[PDB]
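Colleague: Below you will find the structure I want to go over with you.
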Amino acid sequence: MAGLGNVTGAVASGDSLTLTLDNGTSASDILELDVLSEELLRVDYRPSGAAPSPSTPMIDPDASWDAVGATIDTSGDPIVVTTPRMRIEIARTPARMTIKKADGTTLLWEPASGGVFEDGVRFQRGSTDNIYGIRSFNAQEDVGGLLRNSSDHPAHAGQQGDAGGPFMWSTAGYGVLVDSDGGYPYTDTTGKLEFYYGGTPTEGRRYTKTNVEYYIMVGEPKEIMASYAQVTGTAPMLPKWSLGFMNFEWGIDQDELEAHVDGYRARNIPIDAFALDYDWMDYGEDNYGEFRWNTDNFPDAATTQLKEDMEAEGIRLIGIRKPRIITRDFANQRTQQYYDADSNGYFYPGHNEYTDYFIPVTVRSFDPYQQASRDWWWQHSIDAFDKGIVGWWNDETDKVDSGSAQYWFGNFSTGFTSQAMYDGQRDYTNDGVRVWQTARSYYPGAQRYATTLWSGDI
Amino acid sequence: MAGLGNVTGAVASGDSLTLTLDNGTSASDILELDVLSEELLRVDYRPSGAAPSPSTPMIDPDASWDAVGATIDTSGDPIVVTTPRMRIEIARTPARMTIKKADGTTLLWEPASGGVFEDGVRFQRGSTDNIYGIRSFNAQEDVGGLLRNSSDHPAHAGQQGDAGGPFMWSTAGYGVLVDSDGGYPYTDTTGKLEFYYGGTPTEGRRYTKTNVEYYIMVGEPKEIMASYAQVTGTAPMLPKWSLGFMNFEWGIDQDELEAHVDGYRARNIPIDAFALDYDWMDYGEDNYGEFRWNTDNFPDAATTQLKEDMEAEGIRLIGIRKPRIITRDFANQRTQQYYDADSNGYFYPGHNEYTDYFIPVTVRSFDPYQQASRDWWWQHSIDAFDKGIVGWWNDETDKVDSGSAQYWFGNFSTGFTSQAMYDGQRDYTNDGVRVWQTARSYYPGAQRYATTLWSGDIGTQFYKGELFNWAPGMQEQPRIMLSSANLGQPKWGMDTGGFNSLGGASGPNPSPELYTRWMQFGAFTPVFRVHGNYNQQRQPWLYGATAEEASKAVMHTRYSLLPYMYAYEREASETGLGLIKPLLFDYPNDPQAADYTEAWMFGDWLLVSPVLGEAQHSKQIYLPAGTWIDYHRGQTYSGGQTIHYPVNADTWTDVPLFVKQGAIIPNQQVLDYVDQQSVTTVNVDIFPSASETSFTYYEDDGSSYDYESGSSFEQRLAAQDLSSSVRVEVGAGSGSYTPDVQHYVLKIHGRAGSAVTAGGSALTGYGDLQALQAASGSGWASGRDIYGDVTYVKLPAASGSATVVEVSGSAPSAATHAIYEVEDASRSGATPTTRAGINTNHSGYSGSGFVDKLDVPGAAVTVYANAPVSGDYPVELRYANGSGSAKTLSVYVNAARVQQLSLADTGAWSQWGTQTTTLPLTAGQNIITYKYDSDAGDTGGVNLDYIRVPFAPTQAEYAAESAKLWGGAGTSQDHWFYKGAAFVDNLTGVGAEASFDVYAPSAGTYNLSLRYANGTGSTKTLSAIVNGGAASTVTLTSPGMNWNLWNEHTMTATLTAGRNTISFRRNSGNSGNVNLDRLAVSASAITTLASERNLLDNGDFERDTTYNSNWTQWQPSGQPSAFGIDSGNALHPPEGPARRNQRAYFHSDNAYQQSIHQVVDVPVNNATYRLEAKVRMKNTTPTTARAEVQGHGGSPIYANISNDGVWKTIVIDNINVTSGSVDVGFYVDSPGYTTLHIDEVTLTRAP
Ligand SMILES: [Ca+2]
Ligand SMILES: [Ca+2]
Ligand SMILES: [Ca+2]
Ligand SMILES: [Mg+2]
Ligand SMILES: [Mg+2]
Ligand SMILES: [Mg+2]
Ligand SMILES: [Mg+2]
Ligand SMILES: [Mg+2]
Ligand SMILES: [Mg+2]
Ligand SMILES: [Mg+2]
Ligand SMILES: [Mg+2]
Ligand SMILES: [Mg+2]
Ligand SMILES: [Mg+2]
Ligand SMILES: [Mg+2]
Ligand SMILES: [Mg+2]
Ligand SMILES: [Mg+2]
Ligand code: NI
Ligand code: NI
């Protein structure tokens, strides 16, 4: 894609420079440069001078900087912007930016083939520079290093511990940050440093930008990171207790919590917090159960008592939250939280309701191949039979499929499961009550034990 | 591949033909043909005439046929078998069968290239014949047709509605059925009709067949199907009601069932049955709930009433069954059905426990992007916040993964979810309560709303692929952390211990080793947390005493650093930079920092490199430019190099941690939690460099956003090492918050001054740190610590003006011991109110007090004491005992019970005595605990004032396995009687070497003793090279052909002050081929080390169980062994070892006898020995359970093991050996379900 055309106008004003570029039409492109600090430049490319789109939530909406008093020299070619820490040259014909340290060392530049354009930014830099940022690695991926010297991974929040963003920087002394909702950073060892908006990414895109808003940082890594935090925001201070040890736990009630806290305190093992999983809340219930303390697990959470007794033992409580609501309770009724969310439009766009599980049970497959096993299986079924179960719906005699658990039953499993009930029932009733069963697999011989076949979860 | 050979014999008999086939050998192949009916032939091929295997359950075991009266003509070629319906021809040379209709029409034949063979059957037939059978289609598959003319799908039962089998037939008039457990039918349109047993199928194979049994059917489709049913069985008649309509239903109770039936009957819509899903049974409950009627859903199923009433309405009931049992009740206890199934072996082979769910819920994602939605979300959160949820664990803000639901949240979802709680909480509390949150993704901007990042559902393993490949482990985590820091999110944490295992939540916890190393690592990361899977536990005491004590120790280090760490929390609010950073932040131009992740910076002044390797004996640590000081061991290293760093794999006590030149490190007394009390003295450890460095100390309320409007306190601390002095500036206080800190105690390392000034005034000098601390007003003192010379300076904090302190001169301390006042140490006990205490109510004590309340079982005090090298340290304990008689306490070092101390009466509670005991300390931090261990026979009941630890050992030790190995030398556990965690072997090629880093207090001649094995039967040699000097020959005799014998080679060496290298190497003239274990070093004659008293091999069961030991075992003939060795981490909750990683166990579900024994020759005969062990026993009380000592010259000695469920120490003292040997052992006689654990077994010379 083509780079910018020639500079037809250059208006300096304080720490800002507004360039007008020829595109062959009556609506010229505008490139706005703003020197935010001595080592931070904001660039805004507006194709055909259109008004800029709103910035994404990457940008700190309250950000402000002191005046810099940069020198802007439009008198010749290139146009030159200077601070005590950096020198920016914009060549006039065509418009191309070169970023230098104040001492003249070239850091990065827009190549003759083209730099900024309507879908992103394109720089060239030293081919041996070490690049960082862009992406991290999630809990389901191969885990690489810190270097990003040959990267085409997209910029995204990701999942399962991942982190990412349109932020690419170098120990060679520069950083680039593009305001964007996802997109496609690209680097290679010929020295390319690029970023493309591209098509709608996997995660979706809810903030579209017609303009291209980006930031160039100059300095050592700590200076680059500080400038990043100026643009996107610093972190508020967390409570001091959050520097302590925390025990997160799923499967826990008030008595167990109290015993855990006593175990730590008795041993003089420091600890400041417990985090509670589903256990803390009435997840699955009506009337905002997923926001409400579970007083079956935590009786003293009926009032402020649990909070205060734990605080008196130096323990703060953290609770798990899921960004979703229960739309049908355990009794299959629509919930109050559903009606409120649906009438106000509070559901995530494109996300429909779905069935999910949350209460685990631990199980293990039995072996119907053994006569003794079959005898035991029948013997424990007699009471249910006497009280009305006269047909045996034998489900899942074929294959387990649960997370990492992917166990096959052997070819005679249906026949033998069927045999357990057939032999047992015939013995028990003295051949007086016909056997009926169904299974969802068949292998030759299984028919001897009075079983039908059904076609599974169609 | 080859077919049958020539017929050499044919024996007709009724409807049976038996053919003998040439195969070149004396054991000829046999082919039996049996005419079962006029249109059904059985063929049994038996390679080499071996007996046939049992038929699979395919075949009807009771099948019977009437006599056929077939004509079998063996007089010619081919041999001919005929019935009215078929004609079977077998050609003689080679044996090939052709099947024809009686009228002569050819149906199928075995081709020349081969028919039947050892692994299946191969036929040829008309290429245009239509083939059927073999397979059907499941509910997850593309659904084809009926034709099987080009089929290579296996024969299997399959899943989800599939059907299949080794049955292939044609409408051209024939069928083939093979008896087989799975297999591979093959057809193609050249006319092939084949079946191969093949390798083990996906579904397994439990019936293996050496013979090939198959059936040939002739006729129209209905005759073929009838013949199939003769062989495999007909179907019994189902109840007539089963021809009716049936309503299956999930989500149903008795009232709803009755309504359904009424609905059908009112409308005259016929129906015969209802089938009930989970609803009918107590699935999930103990006592066979999955076989029991659920009387909450179906009250009238308490009796036969429901059955009878439904029968009266014409309804039969069907119930869902799953071929599995619930192994855990809803209180996480084992179920009765589990015990019955486990003890009888009723589980499916290869199927382990797993996680199921059966109660679904319906959910839908919320949109945090809308202001009104966020307002709503917060409003409904207020009540939980008021009742104690003060931190928000915002899970799954990234992606949904549930069945057909695979939805993504957008990049700003974590930021917006966080904003909801942040804006809401700040508004509701009027900026009065700081927000804390965590999420498992990050995108730029999210940090504005007060959220950390955690690394998701990581694996419980050392690294990706150690145990499983689908999640990373511990070693990957530093790369994730530092990648997050590179994106501007330094507030990062992980699930220390791991979340995921093979088998889900029922899968194993971390091993004690993994848990310990992970805790050490996590303590030097920003957000320090443990987090297991459902119903898993991550409390440190569950992983054994090493994990408990090592975890506790590092946690104390972290909490001591609260004032250091908290300044980085503030720094993140001004620049975004946080508590950790990769080395490349400080060293942007160093190529060796560019991708470095095995170490990182913790604040500005500490470089940490946790031990992350399993069984790791040493580390290669890159130190970048500067001068670095070992935080725990005290030595200095110049920067710009990779150092070899020895670690003690036996203790797990090392966390490699290095102080950066210029460090200024505020620290404080250890609290149980951050605001437990006001801290009025802050220590500031200063390691001055030639250039000025500084650290701005910071306090605020810890709690509100008042800091944003100036309500905080700071003071800039700065230091510089000058030509002949050190200068420290404590700047004027700044800000409006009144801090708790009243005094700083500056600990200025590297100089013990003769004068300390401030503002034209020399400060008052005091005798020691204790006297300085007790003084009000300013002062100084000097001393020695692990780093060397130190000057202490006590000054007021929060003055309105700057103080400049100058330390000049050099007057080093003559102190020989570090003193640890136990009232400043860690006090513990069995419960929060039975911990050891502090008191001042008897006179004569040192420091501010002494420790009392060591008189309830389990009360203890623990001192963390640094040593520069491993070795023997005589440690002095000051105590008072006014009880009137001797009292006992256990002394533990690095979680091992070293001795029971007998502390004599001192005359009164205000009169003090000392007891000195030689302790085996390891280089770096040591955990020294004095404890009332009632379970080891201690009495307790003394008061303790302090301990004194010498700066230098009486003699030092260096492990060979932790030395720098080169040229092929490696570590090993494959011989017996080594010391520590391993030994060094493979000193085989020229250049092979072990190089030790040995420290000396002064230049001079030292004694060395090298422990080595030489089982070659002749003398061998190495060279010794001291500080790169001239090689000297080390001549190493052999005691014989036994690599389980170790000897000492004694020698001397000239050493310089500080670090020396001593290498043992095969130079070209040397023979090599010895094993090295340990180098001992002393200025005096070397005696037995305190770490090497144990005479048993693998007494702690710590050896990798791949390798054997001097332990033997016994059980009764015919009984399976009840004995094993493992970590106890597979259990929920874990039942760990007494120390380190492993413990022996005896266990069986059924009645059993079991013993283990070890025999050792003692070094000194006609002398007294002592056996000690840790034992824990639970569940069923056994008839007998005891330790045994025998073969020593006297009659057997027994010590019984009680059934208490807790670790106890068993002791057999006064073993008077006159045989030269002792046999030590453990024996159990149980009726079933006695579980005994055994650990830490020692046999030692008794004083
Ligand atoms: Ca004391
Ligand atoms: Ca060793
Ligand atoms: Ca052990
Ligand atoms: Mg400005
Ligand atoms: Mg566009
Ligand atoms: Mg729990
Ligand atoms: Mg309590
Ligand atoms: Mg409730
Ligand atoms: Mg017959
Ligand atoms: Mg055809
Ligand atoms: Mg075979
Ligand atoms: Mg229903
Ligand atoms: Mg009725
Ligand atoms: Mg019940
Ligand atoms: Mg008392
Ligand atoms: Mg030991
Ligand atoms: Ni990613
Ligand atoms: Ni199939």
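Simple scheme: letters A, B, ... for chains in structure tokens order, numbers from 1 for residues in each chain, numbers from 1 for ligands in the order shown.
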Could you give me, as a ChimeraX atom specification, every polymer residue with an atom at most 9 Å away from an atom of ligand 5, counting only C-alpha atoms and all ligand atoms?

Modeller: /A:47,117-120,197-198,208-212

Colleague: Can you tell me which residues surround segment 320-330 of chain A at a distance of at most 6 Å, considering only C-alpha atoms, apart from same-chain residues fewer than 4 positions away, and format the answer as a PDB file with N, CA, C and O atoms, in the first residue's frame?

Modeller:
ATOM      1  N   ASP A 277     -13.507 -19.828  45.826  1.00  0.00           N
ATOM      2  CA  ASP A 277     -14.058 -20.129  44.498  1.00  0.00           C
ATOM      3  C   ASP A 277     -15.617 -20.160  44.591  1.00  0.00           C
ATOM      4  O   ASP A 277     -16.177 -19.469  45.435  1.00  0.00           O
ATOM      5  N   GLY A 284     -26.021 -20.317  40.610  1.00  0.00           N
ATOM      6  CA  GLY A 284     -27.053 -21.227  40.111  1.00  0.00           C
ATOM      7  C   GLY A 284     -28.458 -20.910  40.596  1.00  0.00           C
ATOM      8  O   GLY A 284     -29.410 -21.526  40.123  1.00  0.00           O
ATOM      9  N   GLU A 285     -28.594 -19.962  41.526  1.00  0.00           N
ATOM     10  CA  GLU A 285     -29.891 -19.620  42.111  1.00  0.00           C
ATOM     11  C   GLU A 285     -30.464 -18.309  41.579  1.00  0.00           C
ATOM     12  O   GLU A 285     -29.755 -17.469  40.996  1.00  0.00           O
ATOM     13  N   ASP A 286     -31.767 -18.153  41.814  1.00  0.00           N
ATOM     14  CA  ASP A 286     -32.535 -16.976  41.411  1.00  0.00           C
ATOM     15  C   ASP A 286     -32.188 -15.802  42.344  1.00  0.00           C
ATOM     16  O   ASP A 286     -31.475 -15.984  43.344  1.00  0.00           O
ATOM     17  N   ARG A 334     -36.938 -19.007  34.570  1.00  0.00           N
ATOM     18  CA  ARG A 334     -36.197 -17.801  34.253  1.00  0.00           C
ATOM     19  C   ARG A 334     -35.925 -17.054  35.546  1.00  0.00           C
ATOM     20  O   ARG A 334     -36.759 -17.034  36.443  1.00  0.00           O
ATOM     21  N   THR A 335     -34.734 -16.490  35.657  1.00  0.00           N
ATOM     22  CA  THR A 335     -34.316 -15.801  36.875  1.00  0.00           C
ATOM     23  C   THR A 335     -34.579 -14.312  36.759  1.00  0.00           C
ATOM     24  O   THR A 335     -34.651 -13.770  35.657  1.00  0.00           O
ATOM     25  N   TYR A 338     -31.845 -12.642  34.732  1.00  0.00           N
ATOM     26  CA  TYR A 338     -32.151 -12.745  33.279  1.00  0.00           C
ATOM     27  C   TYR A 338     -33.086 -11.638  32.773  1.00  0.00           C
ATOM     28  O   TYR A 338     -32.802 -10.981  31.771  1.00  0.00           O
TER      29      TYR A 338
ATOM     30  N   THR B 362     -27.844 -22.966  33.098  1.00  0.00           N
ATOM     31  CA  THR B 362     -27.873 -22.146  31.891  1.00  0.00           C
ATOM     32  C   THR B 362     -27.363 -20.755  32.219  1.00  0.00           C
ATOM     33  O   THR B 362     -27.845 -20.118  33.159  1.00  0.00           O
ATOM     34  N   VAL B 363     -26.396 -20.290  31.438  1.00  0.00           N
ATOM     35  CA  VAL B 363     -25.733 -19.009  31.676  1.00  0.00           C
ATOM     36  C   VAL B 363     -25.611 -18.226  30.389  1.00  0.00           C
ATOM     37  O   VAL B 363     -25.741 -18.775  29.293  1.00  0.00           O
ATOM     38  N   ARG B 364     -25.361 -16.933  30.544  1.00  0.00           N
ATOM     39  CA  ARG B 364     -25.125 -16.043  29.430  1.00  0.00           C
ATOM     40  C   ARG B 364     -24.180 -14.910  29.845  1.00  0.00           C
ATOM     41  O   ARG B 364     -24.305 -14.360  30.930  1.00  0.00           O
ATOM     42  N   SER B 365     -23.269 -14.568  28.942  1.00  0.00           N
ATOM     43  CA  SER B 365     -22.237 -13.574  29.160  1.00  0.00           C
ATOM     44  C   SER B 365     -22.801 -12.155  29.293  1.00  0.00           C
ATOM     45  O   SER B 365     -23.676 -11.754  28.518  1.00  0.00           O
ATOM     46  N   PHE B 366     -22.238 -11.387  30.222  1.00  0.00           N
ATOM     47  CA  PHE B 366     -22.579  -9.982  30.376  1.00  0.00           C
ATOM     48  C   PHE B 366     -21.614  -9.094  29.581  1.00  0.00           C
ATOM     49  O   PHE B 366     -20.495  -9.496  29.254  1.00  0.00           O
ATOM     50  N   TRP B 393     -11.752 -11.592  42.239  1.00  0.00           N
ATOM     51  CA  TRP B 393     -11.065 -12.586  41.424  1.00  0.00           C
ATOM     52  C   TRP B 393     -11.896 -12.778  40.153  1.00  0.00           C
ATOM     53  O   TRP B 393     -12.803 -13.594  40.104  1.00  0.00           O
ATOM     54  N   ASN B 394     -11.578 -11.972  39.134  1.00  0.00           N
ATOM     55  CA  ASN B 394     -12.370 -11.877  37.918  1.00  0.00           C
ATOM     56  C   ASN B 394     -11.897 -12.923  36.917  1.00  0.00           C
ATOM     57  O   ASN B 394     -11.000 -12.665  36.114  1.00  0.00           O
ATOM     58  N   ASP B 395     -12.519 -14.083  36.968  1.00  0.00           N
ATOM     59  CA  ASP B 395     -12.120 -15.243  36.180  1.00  0.00           C
ATOM     60  C   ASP B 395     -12.864 -15.261  34.839  1.00  0.00           C
ATOM     61  O   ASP B 395     -13.948 -14.671  34.708  1.00  0.00           O
TER      62      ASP B 395
END

Colleague: I'd like a table as CSV: residues in chain A with an atom no more than 8 Å from ligand 7, each row giving the shortest atom pair and its distance in Å to one decimal, only C-alpha atoms and all ligand atoms counted, sorted by chain and rising residue number.

Modeller:
residue,atom,partner,partner_atom_place_in_ligand_line,distance
A:258,CA,ligand 7,1 (Mg),5.6
A:259,CA,ligand 7,1 (Mg),7.3
A:262,CA,ligand 7,1 (Mg),6.9

Colleague: Now that the selection is made, can you save its residues with N, CA and C atoms as a PDB file, in the first residue's frame?

Modeller:
ATOM      1  N   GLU A 258     -11.546 -21.549  58.730  1.00  0.00           N
ATOM      2  CA  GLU A 258     -11.071 -21.312  60.117  1.00  0.00           C
ATOM      3  C   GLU A 258      -9.933 -22.246  60.533  1.00  0.00           C
ATOM      4  N   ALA A 259     -10.061 -23.526  60.203  1.00  0.00           N
ATOM      5  CA  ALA A 259      -8.989 -24.497  60.451  1.00  0.00           C
ATOM      6  C   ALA A 259      -7.711 -24.164  59.657  1.00  0.00           C
ATOM      7  N   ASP A 262      -6.071 -21.101  61.319  1.00  0.00           N
ATOM      8  CA  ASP A 262      -5.436 -21.557  62.553  1.00  0.00           C
ATOM      9  C   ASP A 262      -4.122 -22.299  62.293  1.00  0.00           C
TER      10      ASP A 262
END

Colleague: Throw together the list of residues within 8 Å of ligand 8, counting only C-alpha atoms and all ligand atoms, and drop it here as number ranges by chain.

Modeller: A: 281-282, 289, 292-296

Colleague: Write to file, as a CSV table (one decimal), in the first residue's frame, the residues of the selection just made, with N, CA and C atoms.

Modeller:
chain,number,residue,atom,x,y,z
A,281,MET,N,-20.5,-18.3,47.0
A,281,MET,CA,-21.7,-17.6,46.5
A,281,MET,C,-22.8,-18.7,46.2
A,282,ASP,N,-24.1,-18.2,46.1
A,282,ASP,CA,-25.2,-19.1,45.7
A,282,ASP,C,-25.4,-19.2,44.1
A,289,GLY,N,-28.2,-14.9,42.8
A,289,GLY,CA,-27.5,-15.8,43.6
A,289,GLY,C,-26.0,-15.8,43.3
A,292,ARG,N,-24.4,-13.3,45.7
A,292,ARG,CA,-24.9,-13.4,47.1
A,292,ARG,C,-24.1,-14.4,47.9
A,293,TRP,N,-23.7,-14.1,49.1
A,293,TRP,CA,-23.0,-15.1,50.0
A,293,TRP,C,-23.8,-16.4,50.2
A,294,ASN,N,-23.1,-17.5,50.1
A,294,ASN,CA,-23.7,-18.8,50.3
A,294,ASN,C,-23.5,-19.1,51.8
A,295,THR,N,-24.7,-18.9,52.5
A,295,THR,CA,-24.7,-19.1,54.0
A,295,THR,C,-24.9,-20.5,54.4
A,296,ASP,N,-25.0,-21.5,53.5
A,296,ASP,CA,-24.9,-22.9,53.9
A,296,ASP,C,-23.4,-23.2,54.1

Colleague: Residues within 9 Å of ligand 13 should be enumerated using only C-alpha atoms and all ligand atoms and returned as a list in words.

Modeller: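 Written in the requested form, the residues are residues 255, 258, 259, 261, 262, 309 and 313 of chain B.
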
Colleague: What gap, in Å, lies between atom CA of residue 960 of chain B and atom CA of residue 1076 of chain B?

Modeller: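 So the answer is 6.1 Å.
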
Colleague: Using only C-alpha atoms, which residues sit within 7 Å of residue 98 of chain B once same-chain residues fewer than 6 positions away are excluded, as a ChimeraX atom specification?

Modeller: /B:88-90,108-110

Colleague: Got time to write the residues from that selection, N, CA, C and O atoms, as a short mmCIF file (atom, residue, chain, number, x, y, z; two decimals), in the first residue's frame?

Modeller:
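New file again-v7.cif:
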data_model
loop_
_atom_site.label_atom_id
_atom_site.label_comp_id
_atom_site.auth_asym_id
_atom_site.auth_seq_id
_atom_site.Cartn_x
_atom_site.Cartn_y
_atom_site.Cartn_z
N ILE B 88 -17.56 -77.32 -1.34
CA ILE B 88 -16.28 -76.76 -0.91
C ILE B 88 -15.16 -77.58 -1.53
O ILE B 88 -15.08 -78.79 -1.28
N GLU B 89 -14.30 -76.93 -2.31
CA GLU B 89 -13.13 -77.57 -2.90
C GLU B 89 -11.87 -77.04 -2.25
O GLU B 89 -11.66 -75.83 -2.20
N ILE B 90 -11.02 -77.95 -1.76
CA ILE B 90 -9.69 -77.59 -1.29
C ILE B 90 -8.68 -78.19 -2.26
O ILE B 90 -8.57 -79.41 -2.36
N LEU B 108 -16.75 -67.50 -3.71
CA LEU B 108 -15.50 -66.89 -3.32
C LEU B 108 -14.39 -67.94 -3.17
O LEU B 108 -14.66 -69.13 -2.98
N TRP B 109 -13.16 -67.46 -3.24
CA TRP B 109 -12.00 -68.36 -3.19
C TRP B 109 -10.78 -67.68 -2.61
O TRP B 109 -10.69 -66.46 -2.56
N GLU B 110 -9.83 -68.50 -2.16
CA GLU B 110 -8.57 -68.00 -1.66
C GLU B 110 -7.66 -67.92 -2.87
O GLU B 110 -7.50 -68.92 -3.57
#
